[PDB]
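Everything below concerns the one structure shown next.
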Amino acid sequence: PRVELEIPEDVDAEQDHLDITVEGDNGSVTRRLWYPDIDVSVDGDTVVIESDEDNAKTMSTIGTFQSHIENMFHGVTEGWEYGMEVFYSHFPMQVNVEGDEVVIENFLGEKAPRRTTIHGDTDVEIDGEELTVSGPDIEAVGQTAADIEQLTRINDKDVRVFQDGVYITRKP
Amino acid sequence: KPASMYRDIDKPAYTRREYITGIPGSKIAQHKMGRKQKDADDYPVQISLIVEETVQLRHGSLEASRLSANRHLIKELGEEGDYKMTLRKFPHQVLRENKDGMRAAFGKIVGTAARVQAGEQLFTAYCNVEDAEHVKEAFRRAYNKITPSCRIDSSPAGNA
Amino acid sequence: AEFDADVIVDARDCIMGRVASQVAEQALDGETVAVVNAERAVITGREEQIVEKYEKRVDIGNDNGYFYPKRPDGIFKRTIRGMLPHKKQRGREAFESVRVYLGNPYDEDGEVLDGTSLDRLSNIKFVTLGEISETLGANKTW
Amino acid sequence: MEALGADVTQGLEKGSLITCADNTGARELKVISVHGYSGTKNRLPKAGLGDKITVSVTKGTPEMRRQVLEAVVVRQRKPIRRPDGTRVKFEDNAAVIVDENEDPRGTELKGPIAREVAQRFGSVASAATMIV
Amino acid sequence: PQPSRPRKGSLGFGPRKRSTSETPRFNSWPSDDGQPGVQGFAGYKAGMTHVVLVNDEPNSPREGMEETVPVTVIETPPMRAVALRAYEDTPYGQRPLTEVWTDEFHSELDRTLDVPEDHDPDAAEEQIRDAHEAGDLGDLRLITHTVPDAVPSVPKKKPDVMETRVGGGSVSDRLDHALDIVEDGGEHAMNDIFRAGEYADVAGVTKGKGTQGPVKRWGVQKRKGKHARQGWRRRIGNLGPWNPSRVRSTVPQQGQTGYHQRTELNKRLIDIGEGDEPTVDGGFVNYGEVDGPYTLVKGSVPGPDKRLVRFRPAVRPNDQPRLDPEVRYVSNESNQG
RNA sequence: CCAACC
RNA sequence: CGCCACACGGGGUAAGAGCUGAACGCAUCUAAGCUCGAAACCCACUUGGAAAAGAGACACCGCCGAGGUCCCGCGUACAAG
RNA sequence: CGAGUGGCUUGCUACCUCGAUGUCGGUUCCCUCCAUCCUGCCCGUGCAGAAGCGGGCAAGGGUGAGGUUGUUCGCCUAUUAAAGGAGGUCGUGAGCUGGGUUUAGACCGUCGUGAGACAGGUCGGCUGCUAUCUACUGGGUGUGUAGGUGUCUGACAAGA
RNA sequence: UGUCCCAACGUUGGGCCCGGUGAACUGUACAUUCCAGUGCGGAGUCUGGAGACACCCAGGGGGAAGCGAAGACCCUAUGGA
RNA sequence: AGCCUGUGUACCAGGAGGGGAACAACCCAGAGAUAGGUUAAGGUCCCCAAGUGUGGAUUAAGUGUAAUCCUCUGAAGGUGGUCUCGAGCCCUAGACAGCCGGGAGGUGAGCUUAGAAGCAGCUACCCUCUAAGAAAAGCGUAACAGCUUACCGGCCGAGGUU
Ligand SMILES: [Cl-]
Ligand SMILES: [Cl-]
Ligand SMILES: [Cl-]
Ligand SMILES: [Cl-]
Ligand SMILES: [Cl-]
Ligand SMILES: [Cl-]
Ligand SMILES: [Cl-]
Ligand SMILES: [K+]
Ligand SMILES: [Mg+2]
Ligand SMILES: [Mg+2]
Ligand SMILES: [Mg+2]
Ligand SMILES: [Mg+2]
Ligand SMILES: [Mg+2]
Ligand SMILES: [Mg+2]
Ligand SMILES: [Mg+2]
Ligand SMILES: [Mg+2]
Ligand SMILES: [Mg+2]
Ligand SMILES: [Mg+2]
Ligand SMILES: [Mg+2]
Ligand SMILES: [Mg+2]
Ligand SMILES: [Mg+2]
Ligand SMILES: [Mg+2]
Ligand SMILES: [Mg+2]
Ligand SMILES: [Mg+2]
Ligand SMILES: [Mg+2]
Ligand SMILES: [Mg+2]
Ligand SMILES: [Mg+2]
Ligand SMILES: [Mg+2]
Ligand SMILES: [Mg+2]
Ligand code: NA
Ligand code: NA
Ligand code: NA
Ligand code: NA
Ligand code: NA
Ligand code: NA
Ligand code: NA
Ligand code: NA
Ligand code: NA
Ligand code: NA
Ligand code: NA
Ligand code: NA
Ligand code: NA
Ligand code: NA
Ligand code: NA
Ligand code: NA
Ligand code: NA
Ligand code: NA
Ligand code: NA
Ligand SMILES: [Sr+2]
Ligand SMILES: [Sr+2]
Ligand SMILES: [Sr+2]
Ligand SMILES: [Sr+2]
Ligand SMILES: [Sr+2]
Ligand SMILES: [Sr+2]
Ligand SMILES: [Sr+2]
Ligand SMILES: [Sr+2]
Ligand SMILES: [Sr+2]
Ligand SMILES: [Sr+2]
Ligand SMILES: [Sr+2]
Ligand SMILES: [Sr+2]
Ligand SMILES: [Sr+2]
Ligand SMILES: [Sr+2]
Ligand SMILES: [Sr+2]
Ligand SMILES: [Sr+2]
Ligand SMILES: [Sr+2]
Ligand SMILES: [Sr+2]
Ligand SMILES: [Sr+2]
Ligand SMILES: [Sr+2]
Ligand SMILES: [Sr+2]
Ligand SMILES: [Sr+2]
Ligand SMILES: [Sr+2]
Ligand SMILES: [Sr+2]
Ligand SMILES: [Sr+2]
Ligand SMILES: [Sr+2]
């Protein structure tokens, strides 16, 4: 099978070996697309994903390679963003960005600060109780968002009662 | 007692009641369920539970499978639903158990079982096109209580 | 420390067992062989099960001893020894005229033996001797 | 528990008979167990200055005898070491009966108590006549 | 039901044989952080005494109070970093590449080695620097030796030689740092490396006891009660089950006990001085008198008096440093009594 | 449990 | 029976929590990819270890003499050795 | 009701051993298994919390002291994070013990005309050997690598 | 009251080294073994691997279903007392 | 049961040699000596003589690389893991899914009830506008409200579904 993806005018896509790099006004994203007998390549103004095999396993990755590339297109132009709302009940939760990691303090009244390192060149901006995660690499951005949320996960007590934590509000 | 002790046909046919005494009573409550005043011909659908391996089924197992099957047909079609199911086999084979080492080992009589050849119909139901899946479900439950794997074969039924 | 090898084999991207089988055949025919870039040799399959097997060999043992190698260096050589009657005279001689190296200590480039090459573009389930060694706890000196 | 403030060489074991240094009506106590303790194979459970122990009353008033109670070791013959290196030892081994809250069941204590025991059990201390 | 119980003795210090080098050999060194510096020193055990100290611990209920502490007096005179050895990285690990020696040698270093008469410190240095440019240089260490003569209580004059890694800033900087030391005469001291209050790991060959039985050597029980009068008093029950049909090396048996290398971790250095402040009246038993560079190590140190002990900056400290503890008293009371 | 006679 | 000392930190995982993600336009923690995650695995630490047969490395000394043995006084050592 | 796994119990068989492979319980000392009692990390809840209850990963470490009884098991007591189970000739008598069992003496009950019998009870009642080989714990002498001194490397190996 | 917790130090005679004296038990053969398997189902010797340079000293006894005694139990004998 | 006890037969016993890792009776094979040659069972990547043989397909579990067997396990039950073959129905008059828009009036049906308005219960379940839109399929409310399924239209464009 063969799939052709016309690359956006705003974007330029270079690729060597199993690595593919995409660049736009919003930045660049490089990914390795490696699977048995699936050849990815840049043919002029279009990226081509093709293979001589057509079994369910191959078709699966092909469709997977496409969305990965179309996401890279989107990220280098429009960019990717996730919104998050910090919610707390009794203890005022302090959420701040320090260096390459978002730090949280006074979670449920904890003396020890919880933290996580931001992935990629992902940018994290907080405005009061709102938080926005964004960048060109959907992988790094999506994970950073997820990490922030997971960072306030609780297994010890009934969540329905203890709901404090930062949550993903909007997904791109 | 495990069925592994009696599921195989590895002994002579032992059914002559004129030469066997003390045979326990069968636990099978009924062989004809549903509306038995009606004929099987009055139904558009006929589904049978077919055994895939030749085996012996102790009367205790027949009662369990028949029960968990019909019980479902009652719960889903009512104590008087328009259907009829039949358990066409009867436990004629008398079983023993040697319960004194290997001396004078001929066992005492402990039960009965029905010999079923692979490919045969153990149960057969007759229903309306509506309750076709309810009977297929009653059988799924029944074949979980008898040794062999089974085929739920649909005879008259071209409503696919 | 200088090894006049009549043959220099390049194990990079090559199936370990297939190279081993041929290096043994040649060693018995009197050839002096040097296998190079062992850390890059490859073994097909699911990495998790492969490693579980080599980890078991490492854990096995007792007072008599079952010294199993962890470096790709030794892993490969042991692999070859298992294809040689190393306890017989001709077998120990063959085995002793075969050496394995991390990287390539020669100026020449090794040759790729036919039938032993693995195409990375057609295979995703395989591991690298070096990777195995690292997992085993070897000190990645290569 | 709160650091004792001195190193102790346990001078007592399960089954040891000691003096009940109070006015509860119990004269002699038998060590049965040591709170928080867990030994090793064949090792007889040991207790010393500062430990809380379960005890049974071997000698005393009818009402007290045979009762299984909690107590606190206040004195022992085996030496203990204080921060300045000096060893300290008493004339006998003695414990004070105590309740679920570690308050002395009795009203008065008899004989001296080690200061270290005071730290741990203040209410026990606020009953001591002499603290050495 | 056969209660459980940990085995007798540790399996981590074997085989329990006689040590090959009476001079300890560290098998690990501190990490490279601060400025370049020699990562170790040595001395000779003299004996013990005690000292009253002011509780330094900021988390102790006794902070600021008198505290008696046991101390082992080690005579730590100056040593001489006599050479600079360079290791290169290779497929088979680290290997010595070359050494840069000096000219000034202690008068009796010739009781152990064949002192160099003709050497090229620049050709050596040259080869080393080329190794760094190439990026094949492994760590850098100094061939070091003691000066037994400086110690009257120790009869040996023959110096003890050991290699001590040099860690520090960047390699270029500590390589230069190494070369400097060596060139002079290599004469360095305890002060140069340690500060009173820091934690050091001490290594040494324990006191020898020759052959000893399982009871003493492994801590197995003696036979008990009736089992102690039938003919067996200090012998273990059995050498193993019927199967496996062999005696495992894990069963406690008789053999060499003592005279093994041991590395004792986190020993706090209470004080580093010089003179006779720590000496004891009558002299340290079986040793003599102290009056020179000395170190007071908190607690015990492996080995008998006169044995060579080695110091290294603690590689796994549990507590932060509390420099220069206040010593209000140092016992000089006779040790005989 | 048990290590023979039942 | 006395006294001293015996981590922290890394790396990869299980169960599990998730991200991106298609087969199946959607959905999906999984099929490829990835972020995490156990007293458990590896490393860290201690001990042995040139007989590792690929039987090792470096420096200096020496080949008419470097070094060593016997011998003598002794123990930080030791059943002989 | 149906399907299995284990090889701890019991039964069955009579394949091995009667020119003998000493028998229960305990003890001592070593290795192991996981179907996990505690400890680490998780999932669910009839999960507010605290705590329970159930489930998953997981064998690194731990799982102790006592009263009756030869007892195993078990019953019981106070402690405990917990005081898990099992394999190793029901590990371990050329290691120990000798309470039980298991000769010869003796008694009771029952049985027997009697001699005498009883995994019924009861009191007493014998445990040999200087290690050849192998195995391991430690200690030496040689040869090999191939003049000497000193210093190291680290394949492997052990640890809780 | 060291039976025990929990073991320590010491004494005498041995043990160890040296001179002299100088047996016995046991011996089909080979024999440096270890892990599994196989086999009359309980192997140093068979099979597959692993390990293994030779010799010697001391040791406590895991194995040689160790040595010592044609099993005292049980059964069988047209046996004995 | 590698059990007990029959029966017919060939084998071991008393049967080598070749193969089966080893292995009384499983396979080839019945064998004077010596010699050349060709096969049998079985095998041809190395150990070890002969293929890293050819055309093709499947498997990703190291499944498997194990004729027979005390010896080689693997079951009832389950599987949108994957490959292949067939039948029915729907579809460029636009299917399946997704996303957007519409989902409306008589009327909050009648009854029951203080109240019940799609949705407590009972009964009925009719017709307007229209390209659709139930006397309402599931949540939701004290009852409303509110959120959706049906049903229709659009965007999309090729197989979809049982
Ligand atoms: Cl080993
Ligand atoms: Cl061989
Ligand atoms: Cl693959
Ligand atoms: Cl207790
Ligand atoms: Cl004992
Ligand atoms: Cl014939
Ligand atoms: Cl494999
Ligand atoms: K016998
Ligand atoms: Mg809870
Ligand atoms: Mg005990
Ligand atoms: Mg003194
Ligand atoms: Mg004094
Ligand atoms: Mg027999
Ligand atoms: Mg015997
Ligand atoms: Mg488990
Ligand atoms: Mg373990
Ligand atoms: Mg036994
Ligand atoms: Mg024995
Ligand atoms: Mg005996
Ligand atoms: Mg003996
Ligand atoms: Mg008795
Ligand atoms: Mg008796
Ligand atoms: Mg009897
Ligand atoms: Mg006889
Ligand atoms: Mg008799
Ligand atoms: Mg007679
Ligand atoms: Mg015969
Ligand atoms: Mg060949
Ligand atoms: Mg398998
Ligand atoms: Na009978
Ligand atoms: Na493979
Ligand atoms: Na191993
Ligand atoms: Na004796
Ligand atoms: Na035995
Ligand atoms: Na980790
Ligand atoms: Na079974
Ligand atoms: Na026993
Ligand atoms: Na465990
Ligand atoms: Na008991
Ligand atoms: Na036995
Ligand atoms: Na005995
Ligand atoms: Na016994
Ligand atoms: Na005594
Ligand atoms: Na032995
Ligand atoms: Na007679
Ligand atoms: Na024949
Ligand atoms: Na053969
Ligand atoms: Na396999
Ligand atoms: Sr039969
Ligand atoms: Sr079935
Ligand atoms: Sr070949
Ligand atoms: Sr050293
Ligand atoms: Sr080391
Ligand atoms: Sr005795
Ligand atoms: Sr054995
Ligand atoms: Sr996971
Ligand atoms: Sr050598
Ligand atoms: Sr015999
Ligand atoms: Sr498991
Ligand atoms: Sr737990
Ligand atoms: Sr009992
Ligand atoms: Sr038993
Ligand atoms: Sr045992
Ligand atoms: Sr007795
Ligand atoms: Sr009895
Ligand atoms: Sr009797
Ligand atoms: Sr030779
Ligand atoms: Sr062999
Ligand atoms: Sr002996
Ligand atoms: Sr081929
Ligand atoms: Sr093919
Ligand atoms: Sr068998
Ligand atoms: Sr089979
Ligand atoms: Sr199945």
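Every chain is numbered from 1 and lettered A, B, ... according to where its sequence line falls, protein lines coming before strand lines. Worth knowing before you read on, the calculation uses all heavy atoms, side chains too, and leaves out hydrogens, waters and symmetry mates.
- The two residues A83(E) and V182(E) have their closest heavy-atom pair at CA-CG1, 3.6 Å.
- Closest approach of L308(E) to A42(E), counting heavy atoms only: CD1-CB, 3.8 Å.
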- Task: Output, in order, the C-alpha distance, side-chain angles, deciding distance and verdict of side-chain contact (heavy atoms from CB on, under 4.5 Å) for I128(E) and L97(E).
- Result: CA-CA 8 Å; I128(E) 291 183; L97(E) 202 170; 5.6 Å; no
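- To the nearest 0.5 Å, atom CZ of residue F41(E) and atom CZ of residue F194(E) are 9.0 Å apart.
- In this structure, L102(C) and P91(E) approach most closely via the heavy-atom pair CD1-O, 3.6 Å.
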Step through the atoms of chain C and chain E and list each donor-acceptor pair whose separation is under 3.5 Å.
residue	atom	partner	partner atom	Å
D63(C)	OD1	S249(E)	OG	2.6
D63(C)	OD2	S249(E)	N	2.9
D63(C)	OD2	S249(E)	OG	3.4
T141(C)	OG1	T90(E)	O	2.8
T141(C)	OG1	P91(E)	O	3.4

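- The shortest heavy-atom contact between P69(C) and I75(C) is O-CD1, 2.8 Å.
- Side chains of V309(E) and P24(E) form no contact here, defined as non-hydrogen atoms less than 4.5 Å apart.
- By a heavy-atom distance cut of under 4.5 Å, not one residue of residues 43-58 of chain C is near chain E.
- The two atoms that bring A314(E) and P317(E) nearest to each other are O-CG, 3.4 Å, heavy atoms only.
- Interface with chain E: from residues 19-33 of chain C, no residue qualifies, criterion being any non-hydrogen pair under 4.5 Å.
- Contacts of residues 110-132 of chain C with chain E at a heavy-atom distance below 4.5 Å are absent; not one residue qualifies.
- Nearest heavy atom pair, residue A38(C) against residue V100(C), reads CB-CG1, 3.4 Å.
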